[PDB]
Amino acid sequence: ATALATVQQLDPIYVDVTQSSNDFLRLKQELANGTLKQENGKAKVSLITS
Amino acid sequence: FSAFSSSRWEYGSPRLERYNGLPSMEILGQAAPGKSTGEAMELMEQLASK
Amino acid sequence: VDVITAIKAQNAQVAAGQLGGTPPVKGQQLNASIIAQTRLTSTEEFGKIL
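Under the PDB entry, chain C has the name Multidrug efflux pump subunit AcrB and belongs to Escherichia coli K-12. The title given for this PDB entry is "Structure of TolC, YbjP, and AcrABZ complex".

In the nomenclature of the PDB entry, chain A corresponds to Multidrug efflux pump subunit AcrA from the organism Escherichia coli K-12.

Written as structure tokens, this is what we have:
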């Protein structure tokens, strides 16, 4: 079970982001009601550091 | 904090007064430049009687 | 002991604060009081302590 060493790749990076469920569902309902608009495909994600 | 809490609005008094142990409110004001204070007091008593 | 602890934890007053409280940031135009968990007032309310 105990690992010997770790090898990591850093050129691309994953970011796992936490959303409250109620806000997610409310925004989904708003988008389904025609109040919101979507563009192309995957939405843009920006970062703010510490 | 948004996963288990809600929010709403209400109406409340920002200043509660009490006189001699009972809830009360106060009106403060002077009299006319050309009349006595006592006559104004009597008329205010008559108005409060209504 | 558990009943006493639960009563002391769920039947207590909490000082919430104020929306737009002191010291405000430049540009705020909304100030209001915040209401939170208050003292229980009825037997039906008092019997729902978990």
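Looking now at helix α1 (residues 21-32) of chain A. Between its terminal C-alpha atoms α1 of chain A stretches 16 Å, which fits the 16 Å expected from 12 residues at 1.5 Å a residue. Of the residues flanking the end of α1 of chain A, it is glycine 34 of chain A, one or two places downstream, whose phi is positive at about 85 degrees.

So, about the side chain of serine 20 of chain A. If you trace the backbone, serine 20 of chain A turns up in the segment before α1. By relative accessible area, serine 20 of chain A is classed as buried at 17%. Within the structure, the side chain of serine 20 of chain A is placed 3.4 Å from the side chain of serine 2 of chain B, a separation counted as a polar contact. Each residue touching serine 20 of chain A, except ones within four places of it in the same chain, is listed here: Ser2 and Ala3 of chain B.

This part is about unusual backbone geometry. Note that the residue after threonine 22 of chain C, namely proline 23 of chain C, is joined by a cis bond; omega there is 0 degrees. Its place among the elements puts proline 23 of chain C in the loop between β1 (17-19) and β2 (32-34). Residue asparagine 40 of chain A is not a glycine yet carries a positive backbone phi of 55 degrees. Among the secondary structure elements, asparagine 40 of chain A is positioned in the segment after α1. For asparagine 40 of chain A, a relative accessible area of 91% puts it in the exposed group. The backbone phi angle of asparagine 20 of chain B is positive, close to 55 degrees, even though this residue is not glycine. As for its placement among the helices and strands, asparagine 20 of chain B is situated in the loop between β1 (18-19) and β2 (22-23). Note on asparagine 20 of chain B: relative accessible area 67%, which makes it exposed.

Let us now look at the arrangement of the chains. The interface with the most contacts, out of 2 pairs of chains in contact, is the one formed by chains A and B. With no contact formed, the shortest span from any C-alpha in chain A to any C-alpha in chain C equals 21 Å.

We now examine the environment of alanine 3 of chain B. Among the secondary structure elements, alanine 3 of chain B is positioned in the segment before β1. Separated by 16 residues in sequence, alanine 3 of chain B and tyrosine 19 of chain B place their C-alpha atoms 44 Å apart. Ignoring anything within four residues of it in the chain, the contact list for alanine 3 of chain B reads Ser20 and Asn22 of chain A.

Residue and element names in this part refer to chain B. Applying the stated criterion across every chain, the model contains 1 aromatic pair over all chains. Measuring from centroid to centroid gives 5.4 Å for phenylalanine 1 and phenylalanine 4, while their planes differ by 35 degrees, and the two rings are tilted. Both residues of the pair, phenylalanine 1 and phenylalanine 4, count as exposed.

Turning our eyes to something else, we now look at the layout of surface pockets. Empty space within the largest pocket amounts to approximately 990 Å³. What lines the largest pocket is a set of 23 residues, and nearest its centre among them are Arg8 and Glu10 of chain B together with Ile34, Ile35 and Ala36 of chain C. Here the lining of the largest pocket gets 3 residues from one element, more than from any other, and that element is β2 of chain C. Here the residues of the lining of the largest pocket sort into 10 nonpolar, 9 polar and 4 charged.

Each value, and the rule that gives it
Residues numbered from 1 in each chain as written, not as in the entry; some residues may be left out. Chains lettered and ligands numbered in written order. Part of a larger assembly, values for the part shown. Heavy atoms only, no water. Helix = DSSP H or I, 4+ residues; strand = E, 2+ residues; numbered from the N terminus. Expected span 1.5 Å × (residues − 1). Buried < 20%, exposed > 50% of the residue type's maximum accessible area, 1.4 Å probe, protein only. Polar contact = N/O pair within 3.5 Å; in protein donor to acceptor, adjacent residues only side chain to side chain. Contact = heavy atoms within 4.5 Å. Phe/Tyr/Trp six-rings, centres within 6.5 Å; stacked < 30°, edge-to-face > 60°. 1 Å grid on protein atoms, 1.4 Å probe; cavity = no way out; pocket = protein on both sides within 12 Å on 5 of 7 lines; lining within 4 Å. Points joined across faces, edges and corners; volume = space filled by probe spheres on them. Nonpolar A, V, L, I, M, F, W, Y, C, P; charged D, E, K, R; others polar.

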